[PDB]
> 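Sending over a structure as structure tokens; questions will come in a sec.
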Number of protein chains: 2
Amino acid sequence: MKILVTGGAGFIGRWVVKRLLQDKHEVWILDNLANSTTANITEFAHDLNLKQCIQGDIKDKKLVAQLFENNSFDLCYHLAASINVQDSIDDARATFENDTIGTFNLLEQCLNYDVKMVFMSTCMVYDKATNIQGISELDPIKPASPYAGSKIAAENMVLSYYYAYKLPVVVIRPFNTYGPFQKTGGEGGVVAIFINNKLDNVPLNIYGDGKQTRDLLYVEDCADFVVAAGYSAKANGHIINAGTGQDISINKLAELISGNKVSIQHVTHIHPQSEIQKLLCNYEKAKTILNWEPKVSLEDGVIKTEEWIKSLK
Amino acid sequence: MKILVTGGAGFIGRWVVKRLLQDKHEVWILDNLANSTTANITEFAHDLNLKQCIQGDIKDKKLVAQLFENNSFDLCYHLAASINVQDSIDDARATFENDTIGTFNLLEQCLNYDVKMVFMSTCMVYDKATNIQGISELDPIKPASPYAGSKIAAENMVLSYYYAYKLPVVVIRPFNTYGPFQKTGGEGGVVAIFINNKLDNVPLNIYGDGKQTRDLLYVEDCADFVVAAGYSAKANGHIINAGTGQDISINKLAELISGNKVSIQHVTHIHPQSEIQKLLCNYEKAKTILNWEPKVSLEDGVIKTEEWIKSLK
Ligand SMILES: NC(=O)c1ccc[n+]([C@@H]2O[C@H](COP(=O)([O-])OP(=O)(O)OC[C@H]3O[C@@H](n4cnc5c(N)ncnc54)[C@H](O)[C@@H]3O)[C@@H](O)[C@H]2O)c1
Ligand SMILES: NC(=O)c1ccc[n+]([C@@H]2O[C@H](COP(=O)([O-])OP(=O)(O)OC[C@H]3O[C@@H](n4cnc5c(N)ncnc54)[C@H](O)[C@@H]3O)[C@@H](O)[C@H]2O)c1
Ligand SMILES: O=c1ccn([C@@H]2O[C@H](COP(=O)(O)OP(=O)(O)O)[C@@H](O)[C@H]2O)c(=O)[nH]1
Ligand SMILES: O=c1ccn([C@@H]2O[C@H](COP(=O)(O)OP(=O)(O)O)[C@@H](O)[C@H]2O)c(=O)[nH]1
Ligand SMILES: [Cl-]
Ligand SMILES: [Cl-]
Ligand SMILES: [Cl-]
Ligand SMILES: [Cl-]
Ligand code: NA
Ligand code: NA
């Protein structure tokens, strides 16, 4: 198939690309490299099925039109986005423009050329879990940051095209994802930051009281879920979560990762008003529709991730 | 108070303006007159509390910035929008730009100047009612047209500002509204169209099988609800419906309005894929928070509306 992966040079994107190339699809990447480098895709530089890596912006309407007009895509995995909650609080407009308007630009061309869209949403668009069964696709939404609001906004434009036009789309809500190729600095995820701090012999710092929880999904499991949603016509028109169905507090995550190599401290929460106290995924729908389940435990994923991070030092 | 009413020269808007002027607030209207004329506000042309009627576009970022920079608004009732489902299917972009992007432009200035926003959403953002209790604010959303998707998108940006910044906002979801000052042509609502057809001695035409239902809210009741949401700090942060809690099929509405003066026919539905089969409102939350309930029955509202339409012929 001919496939466009927006954000394909990013963390999750590069793993989506890897899987699609293993499956011998012709892949085009569209990525402005705002949050990544081509080091994430060097591995694929000699794969003839990686057709092009376009350094361009989903906000550039003319570029997006030309890209679809001059290719014949079957399928688009739309991962390109601004992803940082705090940045979206500091600067809502940029997050809105990238995550809602950029989506809309792509969606318009998907309709013009009958291109199925897998829209990468986020488990952040949820209000907190309230029990051990976790959050299903039927459970309440709560846009606690402009990032979350922009993602919900995008979801609803995407789904409107499915209803109004019968355009194949899937809205996916993976939970917090970690692993090799995730950044380790201030724009990184908590697992990457903590492992890197450990390797650097500096403390782990926990925002707030650390009791907040996350359901942490290893990136290779996430990428397989993302790809599966694109391949499945049964998924068309659906919202589908992915996660592990187990959560951990940030306090306990810090102890797991440090293993007492470094100290663990608390600091003022940067956005307690936008925090989600408990994130725990019910992924029964993904199991049913996609035959998907995660294979990598947190313990094993941390080990894999630390091996990767250490390899770059 | 100093109040901005976007869309204040429109159908519901002019009634909001009337109420705010009765309550002796200083009102500014921002309206591009894309779907209205100043005849809707002639009544107020000598009220010194109607400060300005700006013919300008909420999509014009510079105009919106200047408007807030050079006034000191307390409160904004944001009614300006593209409202037509079929137009949003024919041309999603224009509806998106007006209803989502335009909202965002206003919201950004509301944050800058601490202006409470009442966001006018729509009961269309709902999946169908499934019982006689009707649709509450907790019930499922389904963006069946790009209009509905654009409205849900806007809701989520608005609510994100309440969470991230503690900006006072209210998201209101009134159900289908009818009455004096609603247009009677192809861009009008079903009640206006049917009454006008009756007065013109031409048939009523019903889309599809006519079994679809609506909860029809008289405009003076709607406008009082809208205003109340703005006046109430208890409503801050909430989604709140308004409606009557009774529905009628389009077949039965046509018989009520015609009274057999004219024939009643069925024609192919213009967008059956985007229709909502049953719309019935649970307005208990509005009753509790706002002490609001509707006063005008459908029968009496039809009579009032027909008197008004006849007066213009
Ligand atoms: N990391 C997670 O925990 C997680 C969980 C759920 C969903 N998501 C979603 O998955 C997607 C990928 O996230 P990630 O963690 O890989 O982040 P990432 O930043 O590595 O990936 C996003 C990629 O999009 C590119 N990009 C950003 N804005 C763009 C624009 N305007 N035009 C073109 N390219 C642009 C970036 O340069 C980057 O390579 C995002 O949509 C994100 O919201 C991430
Ligand atoms: N009529 C209903 O049944 C109903 C029910 C629920 C919600 N609503 C919502 O109520 C609001 C008012 O609806 P209405 O029925 O009075 O329609 P309307 O068209 O009479 O009112 C909207 C007004 O906004 C103006 N406008 C449109 N786009 C604009 C732009 N870009 N900049 C500036 N002004 C602009 C129009 O000229 C018009 O006067 C809308 O937000 C609509 O979505 C309507
Ligand atoms: O150095 C860090 C980074 C993150 N967190 C916490 O870890 C969780 C996950 O944060 P991340 O930024 O990875 O993603 P988010 O869930 O906010 O998307 C949140 O509760 C953060 O407050 C932390 O305590 N210390
Ligand atoms: O001339 C008309 C206009 C409308 N309708 C129907 O009346 C209902 C209300 O339509 P309207 O356009 O007023 O508003 P909507 O609910 O679609 O916002 C819908 O089921 C329409 O199909 C109709 O049968 N004939
Ligand atoms: Cl995320
Ligand atoms: Cl804990
Ligand atoms: Cl409406
Ligand atoms: Cl009937
Ligand atoms: Na747990
Ligand atoms: Na009824």
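Side-chain atoms are counted along with the backbone in the values below, which use heavy atoms only and exclude waters and symmetry mates. First the proteins, then the strands, lettered A, B, ... as listed; each starts at 1.
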> Could you list which of residues 145-154 of chain B have a heavy atom closer than 4.5 Å to any heavy atom of chain A, in residue-number order?
B:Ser145, B:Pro146, B:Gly149, B:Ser150, B:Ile152, B:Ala153
> Looking at chain B, which one of A:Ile101, A:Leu111, A:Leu107, A:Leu138 has the largest number of heavy-atom pairs inside 4.5 Å, strictly under?
A:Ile101
> Identify which part of A:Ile141 has an atom lying under 4.5 Å from any heavy atom of chain B, answering side chain, backbone, both or neither.
side chain
> With chain A as the partner chain, list the residues of residues 273-282 of chain B whose heavy atoms fall under 4.5 Å from it, by residue number, and write 'none' if nothing qualifies.
B:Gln273, B:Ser274
> For the atom pair CG (B:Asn156) and CG (A:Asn156), what is the distance rounded to the nearest 0.5 Å?
7.0 Å
> Going by heavy atoms in the side chains, are B:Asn105 and A:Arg93 under 4.5 Å from each other?
yes
> Only heavy atoms, only distances under 4.5 angstrom. Which residues in residues 157-172 of chain A are near chain B?
A:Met157, A:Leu159, A:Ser160, A:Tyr161, A:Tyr163, A:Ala164, A:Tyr165
> What distance do A:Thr100 atom OG1 and B:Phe96 atom CZ have between them, rounded to the nearest 0.5 Å?
6.5 Å
> Non-hydrogen contacts under 4.5 angstrom with chain A: give the residues of residues 119-130 of chain B involved, or none if there are none.
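So far as heavy atoms go, nothing in residues 119-130 of chain B approaches chain A to under 4.5 Å.
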